[PDB]
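Source file: final-v3.pdb. Holds: PDB, N, CA and C atoms and all ligand atoms.
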```pdb
ATOM      1  N   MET A   1       0.847  -1.217   0.000
ATOM      2  CA  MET A   1       0.000   0.000   0.000
ATOM      3  C   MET A   1       0.871   1.252   0.000
ATOM      4  N   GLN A   2       1.633   1.432   1.085
ATOM      5  CA  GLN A   2       2.501   2.599   1.266
ATOM      6  C   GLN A   2       1.669   3.872   1.428
ATOM      7  N   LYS A   3       1.592   4.364   2.660
ATOM      8  CA  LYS A   3       0.892   5.611   2.953
ATOM      9  C   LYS A   3       1.911   6.734   3.124
ATOM     10  N   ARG A   4       1.733   7.808   2.368
ATOM     11  CA  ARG A   4       2.647   8.942   2.414
ATOM     12  C   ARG A   4       2.065  10.033   3.301
ATOM     13  N   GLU A   5       2.427  10.002   4.580
ATOM     14  CA  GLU A   5       1.901  10.949   5.556
ATOM     15  C   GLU A   5       3.038  11.727   6.212
ATOM     16  N   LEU A   6       3.582  12.689   5.474
ATOM     17  CA  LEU A   6       4.613  13.577   5.995
ATOM     18  C   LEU A   6       3.963  14.841   6.544
ATOM     19  N   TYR A   7       3.500  14.767   7.785
ATOM     20  CA  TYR A   7       2.809  15.886   8.417
ATOM     21  C   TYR A   7       3.757  16.671   9.322
ATOM     22  N   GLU A   8       3.705  17.990   9.194
ATOM     23  CA  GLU A   8       4.583  18.892   9.933
ATOM     24  C   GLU A   8       4.078  19.117  11.360
ATOM     25  N   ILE A   9       4.828  19.905  12.127
ATOM     26  CA  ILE A   9       4.474  20.210  13.512
ATOM     27  C   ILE A   9       4.743  21.677  13.829
ATOM     28  N   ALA A  10       3.946  22.230  14.732
ATOM     29  CA  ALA A  10       4.150  23.585  15.226
ATOM     30  C   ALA A  10       4.506  23.532  16.708
ATOM     31  N   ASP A  11       5.800  23.442  16.989
ATOM     32  CA  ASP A  11       6.290  23.281  18.354
ATOM     33  C   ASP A  11       6.904  24.583  18.860
ATOM     34  N   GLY A  12       6.545  24.971  20.081
ATOM     35  CA  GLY A  12       7.115  26.159  20.691
ATOM     36  C   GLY A  12       8.594  25.984  20.973
ATOM     37  N   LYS A  13       9.434  26.554  20.110
ATOM     38  CA  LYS A  13      10.885  26.429  20.233
ATOM     39  C   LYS A  13      11.381  27.085  21.524
ATOM     40  N   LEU A  14      11.399  26.308  22.605
ATOM     41  CA  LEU A  14      11.865  26.787  23.903
ATOM     42  C   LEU A  14      13.333  26.426  24.106
ATOM     43  N   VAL A  15      14.211  27.375  23.803
ATOM     44  CA  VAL A  15      15.650  27.201  23.973
ATOM     45  C   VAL A  15      16.229  28.416  24.692
ATOM     46  N   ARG A  16      16.463  28.275  25.993
ATOM     47  CA  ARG A  16      17.006  29.363  26.796
ATOM     48  C   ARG A  16      18.484  29.577  26.466
ATOM     49  N   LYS A  17      18.728  30.424  25.466
ATOM     50  CA  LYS A  17      20.077  30.723  24.991
ATOM     51  C   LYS A  17      20.928  31.309  26.123
ATOM     52  N   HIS A  18      22.253  31.288  25.944
ATOM     53  CA  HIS A  18      23.195  31.703  26.990
ATOM     54  C   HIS A  18      23.097  30.740  28.172
ATOM     55  N   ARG A  19      23.216  29.452  27.874
ATOM     56  CA  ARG A  19      23.147  28.414  28.896
ATOM     57  C   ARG A  19      24.467  28.370  29.663
ATOM     58  N   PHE A  20      24.440  28.823  30.912
ATOM     59  CA  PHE A  20      25.647  28.921  31.733
ATOM     60  C   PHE A  20      26.082  27.555  32.255
ATOM     61  N   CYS A  21      27.242  27.525  32.897
ATOM     62  CA  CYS A  21      27.743  26.311  33.524
ATOM     63  C   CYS A  21      27.197  26.240  34.946
ATOM     64  N   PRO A  22      26.408  25.196  35.273
ATOM     65  CA  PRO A  22      25.572  25.155  36.484
ATOM     66  C   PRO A  22      26.221  25.798  37.713
ATOM     67  N   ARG A  23      27.387  25.291  38.104
ATOM     68  CA  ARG A  23      28.022  25.733  39.341
ATOM     69  C   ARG A  23      28.888  26.982  39.134
ATOM     70  N   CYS A  24      29.455  27.145  37.939
ATOM     71  CA  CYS A  24      30.319  28.304  37.656
ATOM     72  C   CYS A  24      29.504  29.482  37.124
ATOM     73  N   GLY A  25      28.213  29.246  36.879
ATOM     74  CA  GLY A  25      27.368  30.199  36.165
ATOM     75  C   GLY A  25      27.613  31.645  36.557
ATOM     76  N   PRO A  26      27.306  32.026  37.808
ATOM     77  CA  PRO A  26      27.594  33.371  38.308
ATOM     78  C   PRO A  26      29.101  33.624  38.390
ATOM     79  N   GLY A  27      29.665  34.153  37.309
ATOM     80  CA  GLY A  27      31.078  34.498  37.282
ATOM     81  C   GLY A  27      31.814  33.837  36.137
ATOM     82  N   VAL A  28      31.285  32.711  35.660
ATOM     83  CA  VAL A  28      31.881  31.989  34.537
ATOM     84  C   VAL A  28      30.804  31.542  33.557
ATOM     85  N   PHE A  29      30.636  32.303  32.487
ATOM     86  CA  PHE A  29      29.711  31.931  31.426
ATOM     87  C   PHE A  29      30.180  30.636  30.757
ATOM     88  N   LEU A  30      29.273  29.967  30.065
ATOM     89  CA  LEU A  30      29.622  28.770  29.319
ATOM     90  C   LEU A  30      29.945  29.175  27.884
ATOM     91  N   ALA A  31      31.221  29.052  27.507
ATOM     92  CA  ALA A  31      31.706  29.518  26.206
ATOM     93  C   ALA A  31      30.862  28.959  25.064
ATOM     94  N   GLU A  32      29.847  29.721  24.670
ATOM     95  CA  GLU A  32      28.942  29.317  23.606
ATOM     96  C   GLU A  32      29.583  29.537  22.240
ATOM     97  N   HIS A  33      29.963  28.441  21.611
ATOM     98  CA  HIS A  33      30.465  28.446  20.243
ATOM     99  C   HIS A  33      29.375  27.954  19.300
ATOM    100  N   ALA A  34      29.523  28.261  18.018
ATOM    101  CA  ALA A  34      28.513  27.932  17.013
ATOM    102  C   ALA A  34      28.191  26.437  16.986
ATOM    103  N   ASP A  35      29.157  25.611  17.384
ATOM    104  CA  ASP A  35      29.008  24.158  17.303
ATOM    105  C   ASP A  35      28.885  23.510  18.685
ATOM    106  N   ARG A  36      29.243  24.231  19.748
ATOM    107  CA  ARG A  36      29.275  23.624  21.082
ATOM    108  C   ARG A  36      29.494  24.667  22.178
ATOM    109  N   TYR A  37      29.748  24.175  23.383
ATOM    110  CA  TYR A  37      30.007  24.993  24.565
ATOM    111  C   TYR A  37      31.263  24.468  25.256
ATOM    112  N   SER A  38      31.886  25.291  26.092
ATOM    113  CA  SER A  38      33.004  24.837  26.914
ATOM    114  C   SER A  38      33.167  25.741  28.137
ATOM    115  N   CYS A  39      33.887  25.255  29.144
ATOM    116  CA  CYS A  39      34.078  25.998  30.386
ATOM    117  C   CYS A  39      35.528  25.968  30.840
ATOM    118  N   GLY A  40      36.302  26.961  30.404
ATOM    119  CA  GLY A  40      37.667  27.114  30.872
ATOM    120  C   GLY A  40      37.716  27.456  32.350
ATOM    121  N   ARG A  41      37.535  26.436  33.181
ATOM    122  CA  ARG A  41      37.486  26.595  34.629
ATOM    123  C   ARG A  41      37.343  25.224  35.294
ATOM    124  N   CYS A  42      36.359  24.440  34.840
ATOM    125  CA  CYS A  42      36.143  23.090  35.379
ATOM    126  C   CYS A  42      36.098  22.059  34.252
ATOM    127  N   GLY A  43      36.354  22.510  33.021
ATOM    128  CA  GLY A  43      36.441  21.597  31.891
ATOM    129  C   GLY A  43      35.089  21.133  31.393
ATOM    130  N   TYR A  44      34.025  21.789  31.853
ATOM    131  CA  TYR A  44      32.674  21.428  31.439
ATOM    132  C   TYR A  44      32.466  21.806  29.973
ATOM    133  N   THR A  45      32.346  20.794  29.124
ATOM    134  CA  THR A  45      32.126  20.977  27.699
ATOM    135  C   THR A  45      30.869  20.221  27.271
ATOM    136  N   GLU A  46      30.047  20.872  26.460
ATOM    137  CA  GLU A  46      28.782  20.307  25.998
ATOM    138  C   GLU A  46      28.574  20.709  24.546
ATOM    139  N   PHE A  47      27.938  19.864  23.748
ATOM    140  CA  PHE A  47      27.776  20.150  22.319
ATOM    141  C   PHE A  47      26.424  20.791  22.025
ATOM    142  N   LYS A  48      26.372  21.578  20.946
ATOM    143  CA  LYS A  48      25.103  22.101  20.442
ATOM    144  C   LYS A  48      24.273  20.934  19.909
ATOM    145  N   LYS A  49      23.464  20.355  20.789
ATOM    146  CA  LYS A  49      22.680  19.168  20.468
ATOM    147  C   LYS A  49      21.687  19.450  19.345
ATOM    148  N   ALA A  50      21.852  18.739  18.234
ATOM    149  CA  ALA A  50      20.949  18.858  17.096
ATOM    150  C   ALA A  50      19.534  18.448  17.495
ATOM    151  N   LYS A  51      18.579  19.344  17.287
ATOM    152  CA  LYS A  51      17.196  19.095  17.670
ATOM    153  C   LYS A  51      16.520  18.204  16.631
ATOM    154  N   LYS A  52      16.509  16.900  16.893
ATOM    155  CA  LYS A  52      15.924  15.937  15.967
ATOM    156  C   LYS A  52      14.402  16.009  16.006
ATOM    157  N   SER A  53      13.859  16.988  15.302
ATOM    158  CA  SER A  53      12.421  17.140  15.163
ATOM    159  C   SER A  53      11.957  16.472  13.868
ATOM    160  N   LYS A  54      10.758  15.891  13.883
ATOM    161  CA  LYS A  54      10.194  15.267  12.685
ATOM    162  C   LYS A  54      10.004  16.307  11.578
ATOM    163  N   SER A  55       9.878  17.564  11.991
ATOM    164  CA  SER A  55       9.791  18.691  11.076
ATOM    165  C   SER A  55      10.453  19.905  11.738
TER
HETATM  166 ZN    ZN A 101      32.269  25.066  34.857
END
```
As structure tokens, please, write out the structure in this file.
Amino acid sequence: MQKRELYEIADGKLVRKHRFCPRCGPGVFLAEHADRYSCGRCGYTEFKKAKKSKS
């Protein structure tokens, strides 16, 4: 049969930009790079997680 149902979504893009480093936050921002984050202080590094949305 094969049903072609590519239906989009309207999701409230909730992304609190300027995500600090939990414990270093007040005084040490989380180095936000285009591809990831890093913390020259406690070595806390995190990647810009690709938002795998169906649409
Ligand atoms: Zn840190």
Inset, instruction - Could you please write out, as a VMD selection string, every residue of chain A that DSSP assigns to strand (DSSP E)? - result: chain A and resid 31 to 32 36 to 38 46 to 47
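The spacing separating atom CA of residue 37 of chain A from atom CA of residue 51 of chain A amounts to 15.7 Å.
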Inset, instruction - List all protein, DNA and RNA residues that have at least one atom no more than 12 Å from any atom of ligand ZN 101 (chain A), counting only C-alpha atoms and all ligand atoms, and write them as a PyMOL selection string. - result: chain A and resi 19-31+37-46
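Nearest to residue 17 of chain A of all the residues A:53, A:32, A:47, A:3 is A:32, counting only C-alpha atoms.
Every residue that the PyMOL selection byres (((chain A and resi 9) around 7) and not hetatm) selects in this file is listed here: residues 7, 8, 10, 11, 54 and 55 of chain A.
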Inset, instruction - Return the single residue from A:1, A:14, A:6, A:35 that is closest to residue 48 of chain A, with distances computed using only N, CA and C atoms. - result: A:35
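The spacing separating atom C of residue 50 of chain A from atom C of residue 4 of chain A amounts to 24.0 Å.
Atom pair atom C of residue 34 of chain A / atom CA of residue 52 of chain A: separated by 16.2 Å.
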